[PDB]
Amino acid sequence: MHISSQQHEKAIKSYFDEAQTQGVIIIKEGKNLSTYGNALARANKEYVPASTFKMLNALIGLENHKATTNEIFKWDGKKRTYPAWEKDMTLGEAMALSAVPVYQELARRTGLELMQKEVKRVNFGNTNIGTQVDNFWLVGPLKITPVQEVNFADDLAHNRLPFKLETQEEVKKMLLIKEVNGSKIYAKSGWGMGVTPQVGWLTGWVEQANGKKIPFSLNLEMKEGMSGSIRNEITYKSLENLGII
Ligand SMILES: *[B]([O])([O])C1=[C][C]=C(S(=O)(=O)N2[C][C][C]2)[C]=[C]1
Ligand SMILES: O=S(=O)(c1ccc(B(O)O)cc1)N1CCC1
């Protein structure tokens with residue numbers, strides 16, 4: 001179409017500039033990776049996955065029968081960092097709320113030995129989980145690049161990960177976050193709150209009406225008093241500017 005690549009690049013860069021952060025959004029169309037934003041060198045740098053790891057945590061737990069999709073993880077009655085976590089929920093509900101405590105219970109059921117083997121088997125990021133089964137995705141040592149995250153999303157969107165088809169479909173059902181004029185957006189957000197600087201992620205794919213799937217990964221620096229929803233807003237504006245939604 002008739003908009004120049006120079007104009008697309010400038011527009012998407014301006015979304016990051018206007019949020020007063022530094023970031024990149026990687027788009028994959030077929031095999032071709034396109035990098036946009038205001039800090040392109042972030043594309044092959046390593047960051048903690050933070051809550052984007054919930055996608056893989058869920059695959060591993062379901063594959064290894066550590067939970068079912070209808071199982072209700074009970075709230076233990078203790079005060080949580082966020083009040084909306086103070087309730088009983090399924091893995092899918094916990095995905096949408098990014099309820100760390102539920103996914104920490106799942107990681108503990110899986111256990112360190114099995115978790116390390118599965119993370120190696122999938123070859124996710126730097127593949128190192130260290131010795132602490134319940135926080136390795138939050139504070140290190142596990143790290144991943146935005147290129148690696150968009151390639152993970154590409155794999156999951158096309159059922160190419162080494163898990164059963166049914167497992168992948170169950171996790172994909174948990175990730176629907178927006179529907180825009182016949183396009184569906186499947187994604188998981190991430191916010192590394194226990195690292196400095198703090199990393200923000202939104203990793204997923206657009207499923208267009210025609211069936212084509214376009215993976216993406218947004219990566220940026222989360223700064224003092226930014227809203228979580230800036231990740232979503234920059235992402236939707238960028239995908240809209242490119243005509244993907
Ligand atoms: B996630 O990236 O959406 C996510 C990570 C960490 C936290 S947390 O710092 O509030 N937490 C409770 C124990 C670690 C929330 C969300
Ligand atoms: O995705 S999160 O990191 C997240 C964290 C903070 C906000 B906010 O108050 O603007 C939104 C989402 N998360 C923790 C609970 C959901």
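The basis for the numbers below is simple: all heavy atoms, side chains too, and nothing from hydrogens, waters or symmetry mates. One-based numbering along the sequence shown.
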Measuring from atom [atom1] of [X] to atom [atom2] of [Y], what distance do you get when rounded to the nearest 0.5 angstrom?
X	Y	atom1	atom2	result
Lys178	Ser183	NZ	OG	11.5 Å
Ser4	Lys10	OG	NZ	9.5 Å
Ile25	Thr203	CD1	OG1	9.0 Å
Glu169	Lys164	CD	NZ	14.5 Å
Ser51	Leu97	OG	CG	11.0 Å
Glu9	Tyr36	CD	OH	6.5 Å

Is there a path of hydrophobic side-chain contacts, each under 4.5 Å between heavy atoms, that joins [X] and [Y]?
X	Y	result
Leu40	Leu202	no
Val48	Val150	no
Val206	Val24	no
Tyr82	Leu91	yes

If we ignore hydrogens and angles and just use 3.5 Å, is the side chain of [X] paired with the main-chain N or O of [Y] as donor and acceptor?
X	Y	answer
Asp155	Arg160	no
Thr145	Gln148	yes
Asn126	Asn128	yes
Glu63	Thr167	no
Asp134	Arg108	no
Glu93	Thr90	yes
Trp75	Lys78	yes
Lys120	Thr127	yes
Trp191	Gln198	no

Check: [Y] and [X] side chains under 4.5 Å, non-hydrogen atoms:
X	Y	result
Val122	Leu59	no
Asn57	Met115	yes
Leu33	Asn151	yes
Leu239	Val180	no
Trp137	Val119	no
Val100	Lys54	yes
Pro49	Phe124	yes
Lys28	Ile26	no

Apart from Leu114 itself, residues in the same hydrophobic cluster as defined by side-chain heavy atoms under 4.5 Å | none

Looking only at heavy atoms, what is the nearest atom pair of [X] and [Y], with distance?
X	Y	answer
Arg231	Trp201	CD-O, 3.6 Å
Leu62	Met174	CD1-CE, 4.0 Å
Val195	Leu138	CG1-O, 3.9 Å
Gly194	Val139	O-CG1, 4.0 Å
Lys188	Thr52	O-CG2, 3.7 Å
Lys172	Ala157	NZ-O, 3.2 Å

All ring-ring contact (aromatic ring centres under 6.0 Å, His included) counterparts of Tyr15, not counting sequence neighbours | none

Quick one: sort the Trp205 and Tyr186 rings into parallel, tilted or perpendicular, breaks at 30° and 60°.
-> parallel

Under the side chain to side chain contact (heavy atoms under 4.5 Å, CB included) rule, what do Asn64 and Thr110 come out as? Steps first, then yes or no, please.
-> CA-CA 8 Å; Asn64 292 284; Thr110 292; 5.7 Å; no

Is it true that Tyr103 and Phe53 have ring centroids separated by less than 6.0 Å?
-> no

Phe163 and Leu56: side chain to side chain contact (heavy atoms under 4.5 Å, CB included), yes or no, with the steps?
-> CA-CA 10 Å; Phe163 293 104; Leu56 184 50; 4.0 Å; yes

Please report the C-alpha distance between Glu105 and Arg109 in whole Å, then the side-chain angles of each, then the deciding distance to 0.1 Å, and finally whether the salt bridge (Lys or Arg N to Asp or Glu O under 4.0 Å) criterion is met.
-> CA-CA 6 Å; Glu105 166 63 9; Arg109 295 183 184 187; 3.0 Å; yes

Between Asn135 and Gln104, is any side-chain donor less than 3.5 angstrom from a side-chain acceptor?
-> no

Answer with yes or no whether the side chains of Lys223 and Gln22 bring together a donor and an acceptor at under 3.5 Å.
-> yes

Is it true that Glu118 and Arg121 make a salt bridge, defined as a side-chain N closer than 4.0 Å to a carboxylate O?
-> yes

Audit row: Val147, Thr35, side chain to side chain contact (heavy atoms under 4.5 Å, CB included) steps and yes/no = CA-CA 9 Å; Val147 166; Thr35 303; 5.7 Å; no

Of all residues at least two apart in sequence or in a different chain, which pass the salt bridge (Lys or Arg N to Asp or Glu O under 4.0 Å) check with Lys117?
-> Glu113

Would you check, one step at a time, whether the test side chain to side chain contact (heavy atoms under 4.5 Å, CB included) holds for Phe216 with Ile244?
-> CA-CA 11 Å; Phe216 64 86; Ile244 295 165; over 6 Å; no

